[PDB]
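Novice:
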Amino acid sequence: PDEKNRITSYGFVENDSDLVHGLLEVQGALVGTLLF
Amino acid sequence: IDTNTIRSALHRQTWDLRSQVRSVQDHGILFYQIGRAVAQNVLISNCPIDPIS
Amino acid sequence: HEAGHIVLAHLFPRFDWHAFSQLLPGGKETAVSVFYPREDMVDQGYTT
Amino acid sequence: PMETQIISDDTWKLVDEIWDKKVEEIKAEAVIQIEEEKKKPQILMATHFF
Amino acid sequence: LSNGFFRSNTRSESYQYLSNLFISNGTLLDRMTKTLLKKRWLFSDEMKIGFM
Amino acid sequence: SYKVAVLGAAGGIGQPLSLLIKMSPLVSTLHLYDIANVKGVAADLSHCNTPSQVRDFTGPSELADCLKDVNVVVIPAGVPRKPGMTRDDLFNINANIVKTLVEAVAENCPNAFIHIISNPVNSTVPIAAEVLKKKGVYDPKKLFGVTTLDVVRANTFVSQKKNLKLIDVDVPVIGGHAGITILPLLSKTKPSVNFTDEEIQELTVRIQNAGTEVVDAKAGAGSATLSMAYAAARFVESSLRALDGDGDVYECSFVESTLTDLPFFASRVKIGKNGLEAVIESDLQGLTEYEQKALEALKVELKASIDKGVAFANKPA
Amino acid sequence: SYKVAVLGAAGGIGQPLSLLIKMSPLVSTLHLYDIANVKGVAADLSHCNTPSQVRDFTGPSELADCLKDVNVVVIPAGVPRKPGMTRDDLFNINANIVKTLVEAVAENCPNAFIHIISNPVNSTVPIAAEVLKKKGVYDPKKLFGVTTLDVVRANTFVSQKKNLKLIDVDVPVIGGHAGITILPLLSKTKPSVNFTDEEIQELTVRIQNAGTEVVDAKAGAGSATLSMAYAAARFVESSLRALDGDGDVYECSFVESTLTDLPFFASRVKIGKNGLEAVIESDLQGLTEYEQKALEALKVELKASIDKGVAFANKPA
Amino acid sequence: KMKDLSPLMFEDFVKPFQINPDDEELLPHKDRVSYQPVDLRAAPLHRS
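Following this line, the structure appears as structure tokens:
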């Protein structure tokens, strides 16, 4: 479909995105093998 | 005290009773819950999972 | 303008209920249409 | 495009490993969990006295 | 903001690996979401039983 | 701020390679040369809105003016195949041309990254080395054999087979640049993918015979031109980046290496400011039995090719 | 994820244009077409490790297979000038070839960005428009004349003369693509630099006679090869950028415009998702007296060329 | 007034994606995630 059946703006998707962004910020601020 | 008694004692504490009971009507949120719970169980085996509904 | 709004509102399989549309409400040089969302969308809690 | 490869190919091996360990643990846990022979009281503990 | 394209590709590889892993275990998620569909609640015991 | 001089820039290879070199962001002066029909190529390139300057020279007499202060010298000169020509006449003509060009480079400017492109490169790099040796100015660290088309073809075939991210696919290729000399180290392909025996054999023979496939696909119209120009431009940009002090310039090339008993070999090397900086020996460690037996099969014929090259390069005048 | 089909990709201009399109990060499928010797170019291109795919078709019977689902049609086909041949026979040959190709495109893919490179484009774009009109499917918003070569030459000449940054200099060019029908708007050059009178005259005559300079520098070897390939690749990439929804794709092209009394004109236009989106008329506002008399002198010959084109395009069969 | 005039009807945009509860069958997937990484930066400029 033209993205017709997406479930925008409900409960835990925003929380998952926020948690992923926070984990990425923590990982990128603590760099200063595992990562290429 | 069996494990089902503990499970039912936990469910009465971490769940809110509600009148006018309704369920999800477009599945795909269920797929999101299923995939997230599976990835939580297999990868992070030191954290519990609240029952899916 | 409101005829176009009404035509496109009633050209869809599942739209909000059109209660009434009124031209020139109370002397103001405008118009108002009233649409009530269906109960299933209110009971859902999310939008597509 | 300018971004070359990211985290690893070995970290994918490790996450495949832990996935397989958990799958095998669940598989073992499902079928050999319940087997009981007896639970008899050990009230003739002779190694203390006899 | 020169640090907005590294995280996007990191999440992209995470999504690609997750898709490649979920493709092989598609039947697992299928039977699992069907079990959630019939039985309205799903605990860890049913979870591990349905992992078969 | 570097200068590249292409010797033979008006052939089949000369024009696309010059076009790719002109609009690369590293070159600033481009000294094309050919014995004829080089003015038109320079006039064509001078109209492009790229800051690198193009100058052209005609005849060997202007050769002394062509190589002054040149940082990278590329020699793709050589007549393509004509009907009725055996290997003897074509080899003699190409080797005489490359001998004269290497003599001119040694006389004028010997401190340039020399990229030998003419075929066969297995028997041409030793000729250039022997000619540079006769003037007492030979530098083995600044003499390369462009055999990266085999790497490009290996990457293409591996990506087409395994459906892998092409921006990540790279395949080590050792040996030479003609036929069964090409040993694609398919077990060291990054990222990690596992092949079957039939897939390994099919990929190996396809990589080894892709040159013949692209020659006979033209129905006698010549050899590979666009992909060879692609590989030549890739190696030129990599060498120019090595001249700029980049510390991760790893490229596959045919150079004078001590990895085997052969004087010259094609392997992965690390190029620095002063030319060759390191030779990666781990490409020869950990090979499977198929790659090992292919290596010992190609070693004798590679030795024969190098011996033929040094035998011609020491012929009396 | 866009598809480009080149009709005539085995000629002089076709092979470098096909190679440069292969290097573009926007093309995903490249369809080479020519009546002969088109499989060699495809074999050359397929060895490169670029994600875009190259397929070849030979003969008119495969032309219906060449243009299925093609998003950009590129027509550089046409035999270059031969000694002893006047304008009439070469015009007839090129016009017949482009007429057959435009008929094939109209039958197969009317909704493709049509880029005409065959010379002269002043008398070729009207022929294509008339052929598309006869099928009742003509779209003036999706028919372009690639005249980016004059812009590139003007930028290069201005950068060489006034010594600016070649990256930043852009010169608008109006009129046509042949002879004195090219009018470089040198008073609107960005960044702003003021010229003298003789400098304006010299730059104007150099831009107008760069074509004869580059075809007489080759000494009868043909026309330019790399420069129009460069310009066509630039125009194709710009059209593909505009097709993705980019809202700042402004390019100089020869299209059906209403700026003057002429039906077709070369001006700066803004391309959108549905083809031509806007025509910049401010290029004709604020002109100096010299550009005004140059425009009024070139209008008569441009009208004559367009009249000759539409006269040939409606000849009986 | 929409009844006897036969307008041109639209398609349904808010049709829900649902799963058959007890129908034992393997519903398919395409084979991918539809997400694309955002990575757009120009090539380094000339004269460097």
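If you read the protein sequences in the order shown, they are chains A, B, C, D, E, F, G and H.
Counting with the authors' numbering, you get residues 1983 to 2014, 2031 to 2034 for the letters of the first sequence.
Under the authors' numbering, the first residue of the second sequence is numbered 1878, with each subsequent residue one higher.
Under the authors' numbering, the first residue of the third sequence is numbered 769, with each subsequent residue one higher.
Under the authors' numbering, the first residue of the fourth sequence is numbered 806, with each subsequent residue one higher.
Under the authors' numbering, the first residue of the fifth sequence is numbered 2243, with each subsequent residue one higher.
Under the authors' numbering, the first residue of the sixth sequence is numbered 82, with each subsequent residue one higher.
Under the authors' numbering, the first residue of the seventh sequence is numbered 82, with each subsequent residue one higher.
Under the authors' numbering, the first residue of the eighth sequence is numbered 961, with each subsequent residue one higher.
Beta carbons are placed, not taken as given, at the ideal position from N, Cα and C, and that holds for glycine.
1) How is the beta strand (DSSP E) around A158 (chain G) delimited, first residue to last?
2) Along chain B, in chain order, which residues have C-beta atoms closer than 7 angstroms to that of residue 819 (chain C)?
3) If you measure between the beta carbons of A347 (chain G) and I255 (chain G), is that distance less than 7 angstroms?
4) Using CA atoms only, rank isn't needed, just tell me which of F:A176, F:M166, F:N395 and F:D388 is closest to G301 (chain F).
5) For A145 (chain G), I'd like the list of residues in its chain whose CB is within less than 8 angstroms of its CB, leaving aside the five on either flank, ordered along the chain.
6) Who are the neighbours of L1907 (chain B) on chain E, taking C-beta pairs under 9 angstroms?
7) What do you reckon, are the CB atoms on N2251 (chain E) and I811 (chain D) nearer than 7 angstroms?
8) Using a Cβ-Cβ cut-off of 7 angstroms, state whether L776 (chain C) counts as contacting chain H.
9) Alpha carbon to alpha carbon, how far is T110 (chain G) from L324 (chain G)?
10) Since residue 38 (chain G) and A91 (chain G) are thought to touch, with beta carbons under 8 angstroms apart, how far apart are those beta carbons, to the nearest angstrom?
11) Using a Cβ-Cβ cutoff of 7 angstroms, what residues of the region 221-249 of chain F are near chain D? List them in chain order.
12) Which first and last residues belong to the alpha helix (DSSP H) in which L88 (chain G) is found?
13) Which stretch, first to last residue, makes up the beta strand (DSSP E) that contains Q790 (chain C)?
14) Under 8 angstroms Cβ-Cβ, which residues of chain E neighbour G2010 (chain A)?
15) Taking the beta strand (DSSP E) that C333 (chain F) falls in, what are its first and last residues?
16) Given that a residue counts as buried once 16 or more other Cβ atoms are within 10 Å of its Cβ, and exposed if not, what is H128 (chain F)?
17) Below 6 angstroms CB to CB, which residues in the same chain sit around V154 (chain F) once its five sequence neighbours on both sides are set aside?
18) In angstroms, rounded to a whole number, what distance separates the CA positions of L126 (chain F) and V108 (chain F)?
19) Going by beta carbon distance, what residues of the same chain come within less than 7 angstroms of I281 (chain G), once the five residues before and after it are set aside?
20) Considering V360 (chain F), what are the terminal residues of the beta strand (DSSP E) in which it resides?
21) Taking all protein chains shown into account, decide if residue 44 (chain G) is buried (16 or more other Cβ within 10 angstroms of its Cβ) or exposed.
22) In whole angstroms, what is the alpha-carbon distance linking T139 (chain G) and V122 (chain G)?
23) What alpha helix (DSSP H) runs, 4 residues minimum, are completely inside the region 82-136 of chain F?
24) Can you find the residues in the same chain that come closer than 6 angstroms, C-beta to C-beta, to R168 (chain F), ignoring five residues on each side of it along the sequence?
25) Quick check on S319 (chain F) - is its C-beta less than 7 angstroms from some C-beta in chain D?
26) The alpha helix (DSSP H) spanning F172 (chain G) covers which residue range?
27) Quick one: is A398 (chain G) buried, meaning 16 or more other Cβ sit within 10 Å of its Cβ, or exposed?
28) Any beta-carbon of chain F closer than 7 angstroms to the one on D825 (chain D)?
29) What does the alpha-carbon distance come out to for the pair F803 (chain C) and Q996 (chain H)?
30) Return no unless some Cβ of chain A is closer than 7 angstroms to the Cβ of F970 (chain H).
31) Is there a Cβ from chain F that is less than 7 angstroms from the Cβ of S1008 (chain H)?
32) Please tell me whether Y804 (chain C) has its Cβ less than 7 angstroms away from any Cβ of chain A.
33) Tell me, please, whether the region 377-394 of chain F touches the region 199-210 of chain F by the rule of three or more beta-carbon pairs shorter than 8 angstroms.
34) Considering only the alpha carbon of each residue, which of G:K242, G:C333, G:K216 and G:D342 lies closest to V360 (chain G)?
35) Within 10 angstroms of its Cβ, does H258 (chain G) collect 16 or more other Cβ (buried), or is it exposed?
36) Hey, out of F:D342, F:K374 and F:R349, whose CA is closest to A385 (chain F)'s CA?
Specialist: Quick answer:
1) What you label residue 158 (chain G) is simply residue 77 of the seventh sequence in a count that begins at 1. Neither: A158 (chain G) is in no beta strand (DSSP E) and is coded neither H nor E.
2) Within the shown structure, residues of chain C are numbered from 769 to 816, placing residue 819 (chain C) beyond reach of any answer.
3) One-based indexing of the seventh sequence puts residue 347 (chain G) at position 266. One-based indexing of the seventh sequence puts residue 255 (chain G) at position 174. Yes, these two residues count as a Cβ contact at 7 angstroms.
4) Numbered from 1 along the sixth sequence, position 220 holds the residue referred to as residue 301 (chain F). Just measuring C-alpha positions, the residue of F:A176, F:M166, F:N395 and F:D388 sitting nearest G301 (chain F) is F:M166.
5) As a first step, residue 145 (chain G) is located in the seventh sequence; it is residue number 64 there, counting from the start. Around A145 (chain G): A185, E188 and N189.
6) Counting from one through the second sequence, the residue named residue 1907 (chain B) turns up at place 30. Under the 9 angstroms cutoff, chain E gives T2275, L2278 and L2279.
7) Locating residue 2251 (chain E) in the fifth sequence gives position 9, counting from the first residue. Locating residue 811 (chain D) in the fourth sequence gives position 6, counting from the first residue. In contact: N2251 (chain E) and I811 (chain D) (Cβ atoms closer than 7 angstroms).
8) Residue mapping note: residue 776 (chain C) aligns to position 8 of the third sequence, counting from 1. No, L776 (chain C) does not count as interfacial toward chain H.
9) Within the seventh sequence, numbered from 1, the residue matching residue 110 (chain G) stands at position 29. Within the seventh sequence, numbered from 1, the residue matching residue 324 (chain G) stands at position 243. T110 (chain G) and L324 (chain G): Cα-Cα distance of roughly 16 angstroms.
10) Nothing can be reported for residue 38 (chain G): it is not among the residues displayed for chain G, which extend from 82 to 398.
11) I248 and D249
12) Position 7 of the seventh sequence holds residue 88 (chain G). That residue, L88 (chain G), is in no alpha helix (DSSP H); its beta strand (DSSP E) goes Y83 to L88.
13) For the purposes of this step, residue 790 (chain C) is taken as residue 22 along the third sequence, with counting starting at 1. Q790 (chain C): member of the beta strand (DSSP E) spanning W785 to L791, first to last residue.
14) Your numbering for residue 2010 (chain A) matches position 28 in the first sequence. Within chain E, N2245, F2248 and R2249 have C-beta atoms less than 8 angstroms from the C-beta of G2010 (chain A), given in sequence order.
15) Taking the sixth sequence and counting its residues from 1, one reaches residue 333 (chain F) at position 252. It spans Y331 to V336 - the beta strand (DSSP E) in which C333 (chain F) sits, taken as one unbroken run.
16) Here residue 128 (chain F) is taken as the residue at index 47 of the sixth sequence, counted from 1. With 16 or more Cβ atoms within 10 Å of its Cβ, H128 (chain F) is classed as buried.
17) The count along the sixth sequence starts at 1 and reaches residue 154 (chain F) at position 73. Around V154 (chain F): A86, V186, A193 and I195.
18) One-based indexing of the sixth sequence puts residue 126 (chain F) at position 45. One-based indexing of the sixth sequence puts residue 108 (chain F) at position 27. Looking at the two C-alpha atoms, the distance is approximately 13 angstroms.
19) Position 200 of the seventh sequence, counting from 1, holds the residue named residue 281 (chain G). Cβ contact annotation for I281 (chain G) (same chain, cutoff 7 angstroms, sequence separation greater than five): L267 and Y371, in chain order.
20) Counting from 1 along the sixth sequence, the entry for residue 360 (chain F) is found at position 279. DSSP places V360 (chain F) inside the beta strand (DSSP E), whose first and last residues are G356 to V360.
21) Shown here, chain G extends from 82 to 398; a query on residue 44 (chain G) therefore has no answer.
22) Sequence index remark: in the seventh sequence, residue 139 (chain G) carries index 58 (1-based). Sequence index remark: in the seventh sequence, residue 122 (chain G) carries index 41 (1-based). Cα to Cα, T139 (chain G) sits roughly 12 angstroms from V122 (chain G).
23) 95-103 and 120-127
24) Within the sixth sequence, numbered from 1, the residue matching residue 168 (chain F) stands at position 87. Excluding residues within five positions, none has a Cβ falling inside 6 angstroms.
25) Taking the sixth sequence and counting its residues from 1, one reaches residue 319 (chain F) at position 238. Chain D contact via Cβ: absent.
26) Taking the first residue of the seventh sequence as 1, we reach residue 172 (chain G) at position 91. Where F172 (chain G) is concerned, the enclosing alpha helix (DSSP H) stretches over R168 to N189.
27) The sequence position of residue 398 (chain G) within the seventh sequence is 317, counting from 1. Flag for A398 (chain G) reads exposed.
28) Locating residue 825 (chain D) in the fourth sequence gives position 20, where the first residue counts as 1. Not closer than 7 angstroms to any Cβ of chain F, the Cβ of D825 (chain D) fails to qualify, so no.
29) Position 35 of the third sequence, counted from the first residue, corresponds to residue 803 (chain C). Position 36 of the eighth sequence, counted from the first residue, corresponds to residue 996 (chain H). Each residue's Cα considered, the two are about 38 angstroms apart.
30) As a working note, residue 970 (chain H) is residue 10 in the eighth sequence. For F970 (chain H), the answer is no, since every Cβ of chain A falls outside 7 angstroms of its Cβ.
31) As a working note, residue 1008 (chain H) is residue 48 in the eighth sequence. For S1008 (chain H), the answer is yes, since a Cβ of chain F falls inside 7 angstroms of its Cβ.
32) In the third sequence, the residue the question calls residue 804 (chain C) occupies position 36. Under the 7 angstroms criterion on CB atoms, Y804 (chain C) is classed as non-interfacial with respect to chain A.
33) yes
34) To locate residue 360 (chain G), count along the seventh sequence from 1; it is residue 279. Considering only alpha carbons, the answer is G:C333.
35) For the purposes of this step, residue 258 (chain G) is identified with residue 177 of the seventh sequence, where counting begins at 1. Classification of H258 (chain G): buried, given that the 10 Å Cβ count is 16 or more.
36) Position 304 of the sixth sequence, counted from the first residue, corresponds to residue 385 (chain F). Taking only the C-alpha atoms, the option nearest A385 (chain F) is F:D342.
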